[PDB]
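Pasted below: final_15.pdb, PDB, C-alpha atoms.
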ATOM      1  CA  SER A   1     115.481  -7.922  54.369  1.00  0.00           C
ATOM      2  CA  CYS A   2     114.632 -11.356  55.741  1.00  0.00           C
ATOM      3  CA  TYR A   3     111.603 -13.563  56.112  1.00  0.00           C
ATOM      4  CA  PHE A   4     111.049 -16.144  58.849  1.00  0.00           C
ATOM      5  CA  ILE A   5     108.615 -19.035  58.426  1.00  0.00           C
ATOM      6  CA  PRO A   6     107.873 -22.167  60.447  1.00  0.00           C
ATOM      7  CA  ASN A   7     110.068 -25.206  59.970  1.00  0.00           C
ATOM      8  CA  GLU A   8     107.664 -28.076  59.249  1.00  0.00           C
ATOM      9  CA  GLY A   9     110.523 -30.430  58.432  1.00  0.00           C
ATOM     10  CA  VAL A  10     109.627 -33.292  56.109  1.00  0.00           C
ATOM     11  CA  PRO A  11     106.654 -35.358  57.374  1.00  0.00           C
ATOM     12  CA  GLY A  12     107.531 -39.042  57.309  1.00  0.00           C
ATOM     13  CA  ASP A  13     111.208 -38.241  57.830  1.00  0.00           C
ATOM     14  CA  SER A  14     112.817 -39.266  61.094  1.00  0.00           C
ATOM     15  CA  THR A  15     114.345 -35.805  61.566  1.00  0.00           C
ATOM     16  CA  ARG A  16     113.399 -32.124  61.292  1.00  0.00           C
ATOM     17  CA  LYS A  17     115.935 -31.190  58.644  1.00  0.00           C
ATOM     18  CA  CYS A  18     114.642 -28.161  56.729  1.00  0.00           C
ATOM     19  CA  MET A  19     113.596 -28.741  53.135  1.00  0.00           C
ATOM     20  CA  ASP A  20     114.255 -25.935  50.666  1.00  0.00           C
ATOM     21  CA  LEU A  21     112.330 -25.056  47.522  1.00  0.00           C
ATOM     22  CA  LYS A  22     114.598 -27.121  45.233  1.00  0.00           C
ATOM     23  CA  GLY A  23     114.258 -30.355  47.219  1.00  0.00           C
ATOM     24  CA  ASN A  24     117.476 -30.207  49.272  1.00  0.00           C
ATOM     25  CA  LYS A  25     117.354 -31.116  52.951  1.00  0.00           C
ATOM     26  CA  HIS A  26     119.512 -29.136  55.314  1.00  0.00           C
ATOM     27  CA  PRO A  27     120.854 -29.944  58.770  1.00  0.00           C
ATOM     28  CA  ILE A  28     119.411 -28.137  61.780  1.00  0.00           C
ATOM     29  CA  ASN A  29     121.574 -25.048  62.362  1.00  0.00           C
ATOM     30  CA  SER A  30     123.060 -24.940  58.857  1.00  0.00           C
ATOM     31  CA  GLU A  31     123.339 -22.026  56.413  1.00  0.00           C
ATOM     32  CA  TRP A  32     123.184 -22.168  52.618  1.00  0.00           C
ATOM     33  CA  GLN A  33     123.100 -19.813  49.673  1.00  0.00           C
ATOM     34  CA  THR A  34     120.266 -20.198  47.186  1.00  0.00           C
ATOM     35  CA  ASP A  35     120.296 -19.669  43.437  1.00  0.00           C
ATOM     36  CA  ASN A  36     118.640 -16.273  43.728  1.00  0.00           C
ATOM     37  CA  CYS A  37     121.117 -14.329  45.816  1.00  0.00           C
ATOM     38  CA  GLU A  38     119.795 -15.287  49.242  1.00  0.00           C
ATOM     39  CA  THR A  39     121.289 -16.682  52.368  1.00  0.00           C
ATOM     40  CA  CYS A  40     118.981 -19.013  54.299  1.00  0.00           C
ATOM     41  CA  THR A  41     119.344 -20.621  57.713  1.00  0.00           C
ATOM     42  CA  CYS A  42     117.632 -23.751  58.988  1.00  0.00           C
ATOM     43  CA  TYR A  43     116.583 -23.870  62.648  1.00  0.00           C
ATOM     44  CA  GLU A  44     114.703 -26.282  64.816  1.00  0.00           C
ATOM     45  CA  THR A  45     111.524 -24.209  64.676  1.00  0.00           C
ATOM     46  CA  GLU A  46     112.032 -21.813  61.783  1.00  0.00           C
ATOM     47  CA  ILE A  47     113.643 -21.052  58.458  1.00  0.00           C
ATOM     48  CA  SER A  48     114.907 -17.597  57.598  1.00  0.00           C
ATOM     49  CA  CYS A  49     116.042 -16.325  54.205  1.00  0.00           C
ATOM     50  CA  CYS A  50     117.730 -12.964  53.728  1.00  0.00           C
ATOM     51  CA  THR A  51     118.695 -11.246  50.501  1.00  0.00           C
ATOM     52  CA  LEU A  52     122.372 -10.768  49.766  1.00  0.00           C
ATOM     53  CA  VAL A  53     121.591  -7.942  47.348  1.00  0.00           C
ATOM     54  CA  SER A  54     122.213  -4.325  48.279  1.00  0.00           C
ATOM     55  CA  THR A  55     119.957  -2.050  46.178  1.00  0.00           C
ATOM     56  CA  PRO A  56     121.291   1.436  45.389  1.00  0.00           C
ATOM     57  CA  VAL A  57     118.503   3.977  45.889  1.00  0.00           C
ATOM     58  CA  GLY A  58     120.339   7.288  46.106  1.00  0.00           C
ATOM     59  CA  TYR A  59     122.040   8.530  42.967  1.00  0.00           C
ATOM     60  CA  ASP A  60     121.510  10.774  39.932  1.00  0.00           C
ATOM     61  CA  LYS A  61     118.605   9.062  38.187  1.00  0.00           C
ATOM     62  CA  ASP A  62     118.772  11.489  35.274  1.00  0.00           C
ATOM     63  CA  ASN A  63     122.283  10.670  34.156  1.00  0.00           C
ATOM     64  CA  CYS A  64     122.868   7.263  35.788  1.00  0.00           C
ATOM     65  CA  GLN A  65     121.185   3.892  35.896  1.00  0.00           C
ATOM     66  CA  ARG A  66     121.513   0.789  38.063  1.00  0.00           C
ATOM     67  CA  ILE A  67     122.175  -2.549  36.421  1.00  0.00           C
ATOM     68  CA  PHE A  68     121.818  -5.868  38.245  1.00  0.00           C
ATOM     69  CA  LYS A  69     124.594  -8.458  37.930  1.00  0.00           C
ATOM     70  CA  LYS A  70     122.959 -11.729  38.950  1.00  0.00           C
ATOM     71  CA  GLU A  71     126.182 -13.736  38.988  1.00  0.00           C
ATOM     72  CA  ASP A  72     127.673 -11.399  41.599  1.00  0.00           C
ATOM     73  CA  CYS A  73     124.390 -10.777  43.405  1.00  0.00           C
ATOM     74  CA  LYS A  74     124.981  -7.047  43.149  1.00  0.00           C
ATOM     75  CA  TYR A  75     124.240  -3.828  41.286  1.00  0.00           C
ATOM     76  CA  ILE A  76     126.535  -1.500  39.465  1.00  0.00           C
ATOM     77  CA  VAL A  77     125.534   2.133  38.961  1.00  0.00           C
ATOM     78  CA  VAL A  78     126.747   3.701  35.770  1.00  0.00           C
ATOM     79  CA  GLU A  79     126.343   6.557  33.329  1.00  0.00           C
ATOM     80  CA  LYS A  80     123.502   6.228  30.821  1.00  0.00           C
ATOM     81  CA  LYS A  81     125.619   7.764  28.044  1.00  0.00           C
ATOM     82  CA  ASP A  82     128.427   5.279  28.807  1.00  0.00           C
ATOM     83  CA  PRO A  83     127.892   2.337  31.192  1.00  0.00           C
ATOM     84  CA  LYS A  84     131.677   1.961  31.434  1.00  0.00           C
ATOM     85  CA  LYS A  85     131.598   5.088  33.593  1.00  0.00           C
ATOM     86  CA  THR A  86     130.632   4.691  37.252  1.00  0.00           C
ATOM     87  CA  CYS A  87     128.438   7.089  39.217  1.00  0.00           C
ATOM     88  CA  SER A  88     128.526   7.820  42.932  1.00  0.00           C
ATOM     89  CA  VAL A  89     125.840   6.331  45.185  1.00  0.00           C
ATOM     90  CA  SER A  90     124.809   8.224  48.278  1.00  0.00           C
ATOM     91  CA  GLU A  91     122.400   5.560  49.621  1.00  0.00           C
ATOM     92  CA  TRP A  92     122.144   1.771  49.484  1.00  0.00           C
ATOM     93  CA  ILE A  93     119.448  -0.390  51.005  1.00  0.00           C
ATOM     94  CA  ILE A  94     119.448  -4.079  51.894  1.00  0.00           C
TER
ATOM     95  CA  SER B   1     116.437  -4.053  56.693  1.00  0.00           C
ATOM     96  CA  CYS B   2     119.169  -1.422  56.613  1.00  0.00           C
ATOM     97  CA  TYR B   3     120.307   1.741  54.866  1.00  0.00           C
ATOM     98  CA  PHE B   4     123.980   2.547  54.171  1.00  0.00           C
ATOM     99  CA  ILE B   5     125.216   6.086  53.506  1.00  0.00           C
ATOM    100  CA  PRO B   6     128.658   7.743  53.156  1.00  0.00           C
ATOM    101  CA  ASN B   7     130.151   9.037  56.340  1.00  0.00           C
ATOM    102  CA  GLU B   8     131.228  12.540  55.257  1.00  0.00           C
ATOM    103  CA  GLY B   9     132.602  13.255  58.728  1.00  0.00           C
ATOM    104  CA  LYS B  10     133.887  10.096  64.746  1.00  0.00           C
ATOM    105  CA  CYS B  11     130.523  10.101  62.963  1.00  0.00           C
ATOM    106  CA  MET B  12     127.373  12.187  63.318  1.00  0.00           C
ATOM    107  CA  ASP B  13     123.745  11.082  63.148  1.00  0.00           C
ATOM    108  CA  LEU B  14     120.658  12.945  61.943  1.00  0.00           C
ATOM    109  CA  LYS B  15     119.937  14.167  65.484  1.00  0.00           C
ATOM    110  CA  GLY B  16     123.324  15.861  65.792  1.00  0.00           C
ATOM    111  CA  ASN B  17     124.844  13.410  68.275  1.00  0.00           C
ATOM    112  CA  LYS B  18     128.405  12.335  67.514  1.00  0.00           C
ATOM    113  CA  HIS B  19     129.498   8.706  67.831  1.00  0.00           C
ATOM    114  CA  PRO B  20     132.912   7.034  68.073  1.00  0.00           C
ATOM    115  CA  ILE B  21     133.749   5.095  64.939  1.00  0.00           C
ATOM    116  CA  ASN B  22     133.279   1.312  64.998  1.00  0.00           C
ATOM    117  CA  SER B  23     130.588   1.935  67.619  1.00  0.00           C
ATOM    118  CA  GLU B  24     126.968   0.749  67.646  1.00  0.00           C
ATOM    119  CA  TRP B  25     124.099   2.686  69.162  1.00  0.00           C
ATOM    120  CA  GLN B  26     120.355   2.193  69.366  1.00  0.00           C
ATOM    121  CA  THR B  27     118.125   5.071  68.238  1.00  0.00           C
ATOM    122  CA  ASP B  28     114.858   6.374  69.668  1.00  0.00           C
ATOM    123  CA  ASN B  29     113.206   4.567  66.803  1.00  0.00           C
ATOM    124  CA  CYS B  30     114.037   0.886  67.289  1.00  0.00           C
ATOM    125  CA  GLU B  31     117.037   1.025  64.991  1.00  0.00           C
ATOM    126  CA  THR B  32     120.578  -0.143  65.559  1.00  0.00           C
ATOM    127  CA  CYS B  33     123.221   1.991  63.821  1.00  0.00           C
ATOM    128  CA  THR B  34     126.943   1.646  63.251  1.00  0.00           C
ATOM    129  CA  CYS B  35     129.565   4.148  62.154  1.00  0.00           C
ATOM    130  CA  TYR B  36     132.407   2.839  60.104  1.00  0.00           C
ATOM    131  CA  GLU B  37     135.342   5.031  59.126  1.00  0.00           C
ATOM    132  CA  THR B  38     133.857   5.113  55.655  1.00  0.00           C
ATOM    133  CA  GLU B  39     130.079   4.746  56.053  1.00  0.00           C
ATOM    134  CA  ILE B  40     126.994   4.961  58.219  1.00  0.00           C
ATOM    135  CA  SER B  41     124.540   2.081  58.531  1.00  0.00           C
ATOM    136  CA  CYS B  42     121.145   1.764  60.248  1.00  0.00           C
ATOM    137  CA  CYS B  43     118.906  -1.304  60.523  1.00  0.00           C
ATOM    138  CA  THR B  44     115.549  -1.873  62.127  1.00  0.00           C
ATOM    139  CA  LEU B  45     115.350  -4.119  65.187  1.00  0.00           C
ATOM    140  CA  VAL B  46     111.674  -4.830  64.507  1.00  0.00           C
ATOM    141  CA  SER B  47     110.369  -8.116  63.096  1.00  0.00           C
ATOM    142  CA  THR B  48     107.013  -7.410  61.504  1.00  0.00           C
ATOM    143  CA  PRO B  49     104.501 -10.257  61.631  1.00  0.00           C
ATOM    144  CA  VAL B  50     102.640 -10.543  58.347  1.00  0.00           C
ATOM    145  CA  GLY B  51     101.278 -14.078  58.332  1.00  0.00           C
ATOM    146  CA  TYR B  52      98.372 -14.415  60.743  1.00  0.00           C
ATOM    147  CA  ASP B  53      94.537 -14.409  61.101  1.00  0.00           C
ATOM    148  CA  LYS B  54      93.776 -10.748  60.356  1.00  0.00           C
ATOM    149  CA  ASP B  55      89.996 -10.986  60.839  1.00  0.00           C
ATOM    150  CA  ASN B  56      90.303 -12.300  64.380  1.00  0.00           C
ATOM    151  CA  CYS B  57      93.761 -11.053  65.290  1.00  0.00           C
ATOM    152  CA  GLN B  58      95.722  -7.829  65.330  1.00  0.00           C
ATOM    153  CA  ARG B  59      99.349  -6.880  65.691  1.00  0.00           C
ATOM    154  CA  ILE B  60     100.253  -4.377  68.342  1.00  0.00           C
ATOM    155  CA  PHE B  61     103.654  -2.684  68.487  1.00  0.00           C
ATOM    156  CA  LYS B  62     105.473  -2.387  71.808  1.00  0.00           C
ATOM    157  CA  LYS B  63     108.009   0.380  71.272  1.00  0.00           C
ATOM    158  CA  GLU B  64     109.963  -0.057  74.485  1.00  0.00           C
ATOM    159  CA  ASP B  65     110.598  -3.685  73.522  1.00  0.00           C
ATOM    160  CA  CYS B  66     110.934  -3.001  69.802  1.00  0.00           C
ATOM    161  CA  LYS B  67     108.607  -5.921  69.096  1.00  0.00           C
ATOM    162  CA  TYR B  68     105.088  -6.792  67.979  1.00  0.00           C
ATOM    163  CA  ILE B  69     102.594  -9.020  69.643  1.00  0.00           C
ATOM    164  CA  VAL B  70      99.778 -10.498  67.622  1.00  0.00           C
ATOM    165  CA  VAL B  71      96.615 -11.031  69.611  1.00  0.00           C
ATOM    166  CA  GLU B  72      92.874 -11.621  69.409  1.00  0.00           C
ATOM    167  CA  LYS B  73      90.852  -8.479  68.735  1.00  0.00           C
ATOM    168  CA  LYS B  74      88.122  -9.732  71.086  1.00  0.00           C
ATOM    169  CA  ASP B  75      90.774 -10.413  73.766  1.00  0.00           C
ATOM    170  CA  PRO B  76      94.215  -8.767  73.290  1.00  0.00           C
ATOM    171  CA  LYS B  77      95.556 -10.792  76.217  1.00  0.00           C
ATOM    172  CA  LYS B  78      95.296 -13.977  74.135  1.00  0.00           C
ATOM    173  CA  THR B  79      97.947 -14.557  71.468  1.00  0.00           C
ATOM    174  CA  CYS B  80      97.384 -15.712  67.895  1.00  0.00           C
ATOM    175  CA  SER B  81      99.853 -17.913  66.042  1.00  0.00           C
ATOM    176  CA  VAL B  82     101.969 -16.328  63.316  1.00  0.00           C
ATOM    177  CA  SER B  83     103.157 -18.133  60.203  1.00  0.00           C
ATOM    178  CA  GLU B  84     105.519 -15.459  58.862  1.00  0.00           C
ATOM    179  CA  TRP B  85     107.667 -12.578  60.066  1.00  0.00           C
ATOM    180  CA  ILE B  86     109.609 -10.071  58.029  1.00  0.00           C
ATOM    181  CA  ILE B  87     112.520  -7.879  59.029  1.00  0.00           C
TER
END
What does the file become when written as structure tokens?
Amino acid sequence: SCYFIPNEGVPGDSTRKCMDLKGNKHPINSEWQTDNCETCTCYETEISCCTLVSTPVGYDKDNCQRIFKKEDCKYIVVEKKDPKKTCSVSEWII
Amino acid sequence: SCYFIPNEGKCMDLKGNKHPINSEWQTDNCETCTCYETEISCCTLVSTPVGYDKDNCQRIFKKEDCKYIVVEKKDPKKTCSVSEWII
């Protein structure tokens, strides 16, 4: 899933570099990864950010649980009675 | 956004049609789908506008173009500016 918002650039600046939420300016047409598992792209007239995280939505919710691993921007899906055991996932969404 | 499911076995879609692997096809429903040897993936082609004047303006889907326009309720031929899209 992605959002797209206007690129206002930085008023006062002599260029339309996109500013991110943490105060970094980015070159027109550049991509960066954020600190919350997103990939963002700076364009002339817009900024888009898309999640890198695929969320598992189809699996045995009785016997299995999903656990988010921030550092790898992903989920694992594992047995409740023993999270060292992996379950099968029939549907992911991103 | 997209869903990803196992290809249990070319590949077959919900509507029975078979597709050559590594192929893309567009559905009846403004989705683009791909069959990989291992999995099936479908994503929407539609950007949904969500940031706009909702008292004065409305969004109207155009299915054939898989796109929205956002226009004035009092005159749907006049466009309103949008500050955010989501896909």
Distance filter 8 Å, all atoms listed in the file, chain B against chain A, as a PyMOL selection string:
chain B and resi 1-6+83-87
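Put simply, CA of residue 72 (chain A) is 10.5 Å away from CA of residue 36 (chain A).
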On this structure, the PyMOL selection byres ((chain B and resi 10) around 6) would catch which residues? List them as a PyMOL selection string, sorted by chain and number.
chain B and resi 11+19-21
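Residues in contact with region 58-74 of chain B at up to 10 Å, not including ones fewer than 5 positions away on its chain and judged by all atoms listed in the file, are residues 28, 29, 30, 31, 44, 45, 46, 47, 48, 49, 50, 52, 53, 79, 80, 81 and 82 of chain B.
For the choices A:60, A:87, A:19, A:71, the atom-to-atom distance to residue 40 (chain A) is smallest for A:19 when using all atoms listed in the file.
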To one decimal in Å, tell me the separation between CA of residue 13 (chain A) and CA of residue 31 (chain A).
20.3 Å
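CA of residue 35 (chain B) is found 6.0 Å from CA of residue 23 (chain B).
Applied to the file shown here, the PyMOL selection byres ((chain A and resi 70) around 12) selects residues 35, 36, 37, 38, 52, 53, 54, 67, 68, 69, 71, 72, 73, 74, 75 and 76 of chain A.
Using only C-alpha atoms, the nearest neighbour of residue 24 (chain A) within the list A:44, A:9, A:61, A:85 is A:9.
By all atoms listed in the file, and with residues fewer than 4 positions from residue 65 (chain A) along its chain excluded, the set lying at most 7 Å from it is residues 61, 77, 78, 79 and 80 of chain A.
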